[PDB]
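Chemist: This one's experimental. Sequence and coordinates below.
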Amino acid sequence: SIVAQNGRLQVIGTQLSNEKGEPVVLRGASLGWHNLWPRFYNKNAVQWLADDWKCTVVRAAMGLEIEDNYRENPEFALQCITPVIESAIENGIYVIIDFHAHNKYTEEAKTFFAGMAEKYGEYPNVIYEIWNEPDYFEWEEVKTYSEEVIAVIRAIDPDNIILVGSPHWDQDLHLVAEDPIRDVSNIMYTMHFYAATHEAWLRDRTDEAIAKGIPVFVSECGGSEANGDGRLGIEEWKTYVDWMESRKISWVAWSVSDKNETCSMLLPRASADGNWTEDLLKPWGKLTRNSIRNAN
Ligand SMILES: [Mg+2]
């Protein structure tokens, strides 16, 4: 397994790396908002993503927005993410624990990540993603949130990777480049793209940030348009994946879900437990599976 092969991850300059310092590129898939598609938050779905899709990473999107989220129902949130985290340990793959927020929830994030850090911080599998997609904020406000949450995490878990979001749905890496978080190790900054909407500028902005010493991890992306629906930009998806592979940027495709939207990879008929035959994969599902399998 990838976790057996690589152990504890670390960030050297900009490059996500293994215990021995060799570059690591993780490729995998994100479950959708747990409060929308909770049926896929189970051990078998995760093992199936590991075995059949060849995911080296799985992302657990713990919804902080929309009905039945973590604030309104934290027991259910913890019922969903726990088997996904455990199963990633069991099957030897990395797992992103994603505080899937748009708004700023500083105190909830600290309490949640402290508990996650205590439970799971010794496992090399675990990556923290502290704020999915900050929308309408200045970078300074998101940096403060991030410094404060990182401070809490690091006190318990000194070494595991922490992924840091930025404003405008993790598009403002140029603001991060000008004012990065200092005196902190093993963090990376997230970038999210949707290939049918976001044109070449975002890749150029990301490259510019990497050049100024900003590590970049794509914790969410897709071939659909930015709303999760509309056109499947197949050529644009290839352009982005090829660009990421030449930059050794890790990536996670969105979403393992069954809504009637382009970005939902599965038909509703699909089992919660996996064994998705080709007919149960949506076009974006097939493209994601193939993308991940050929890269890994
Ligand atoms: Mg640790």
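Modeler: Received the coordinates, thanks. Numbering: from 1, shown residues only.
Chemist: who touches residue 108 in this structure?
Modeler: 64, 70, 71 (CB atoms under 8 Å, 6 or more residues apart in numbering). Where C-beta positions appear, they are placed from N, C-alpha and C, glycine not excepted.
Chemist: let's see it at 10 Å
Modeler: Residue 108 makes contact with 64, 70, 71, 74, 99, 101, according to CB atoms under 10 Å, 6 or more residues apart in numbering.
Chemist: Quick check: it is in a strand.
Modeler: No - read with DSSP: H, G, I helix; E, B strand; the rest coil, residue 108 is helix and lies in no strand.
Chemist: List the buried residues in stretch 123-133.
Modeler: Within stretch 123-133, the residues that count as buried by 16 or more other CB atoms under 10 Å are 123, 124, 125, 126, 127, 128, 129, 130, 131, 132, 133.
Chemist: roughly how far apart are the closest residue to the fourth one other than its chain neighbours and residue 84?
Modeler: Spatial nearest neighbour of residue 126, excluding adjacent residues (CB to CB, 6 or more residues apart in numbering): residue 120 at 4.7 Å. Residue 120 sits 11 Å away from residue 84, taking CB to CB, to the nearest Å as the criterion.
Chemist: more neighbours, the two?
Modeler: Higher neighbour count among residue 120 and residue 84: residue 84, with 25 against 21, using other CB atoms under 10 Å.
Chemist: Work out for me the element that one sits within.
Modeler: helix 74-90 (DSSP states H and E).
Chemist: Would you mind writing the CA trace of that helix as CSV?
Modeler: What follows is helix 74-90, C-alpha atoms only, in CSV (Å, rounded to 0.1, in the frame of the first residue of the first chain):
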residue,chain,number,x,y,z
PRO,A,74,-22.2,16.6,15.1
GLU,A,75,-23.0,13.0,16.1
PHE,A,76,-24.1,12.2,12.6
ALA,A,77,-21.1,14.0,11.2
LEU,A,78,-18.9,11.8,13.4
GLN,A,79,-20.9,8.7,12.4
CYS,A,80,-20.0,9.4,8.7
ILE,A,81,-16.3,10.3,8.8
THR,A,82,-15.2,7.7,11.4
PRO,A,83,-15.6,4.6,9.1
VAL,A,84,-14.0,6.5,6.2
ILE,A,85,-10.9,7.4,8.4
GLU,A,86,-10.7,3.9,9.9
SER,A,87,-11.1,2.3,6.4
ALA,A,88,-8.3,4.4,5.0
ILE,A,89,-6.1,3.2,7.9
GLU,A,90,-7.2,-0.4,7.3
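Chemist: now the strands for the stretch 101-250 of the chain?
Modeler: Remark: strands assigned in the stretch 101-250 of the chain by DSSP state E, counting those that start in this stretch are 126-129, 162-164, 187-194, 216-222.
Chemist: which bits of the stretch 151-296 of the chain sit near the ion?
Modeler: The interface of the stretch 151-296 of the chain toward the ion, taken as CB under 5 Å from the ion, is made up of 157, 159, 160.
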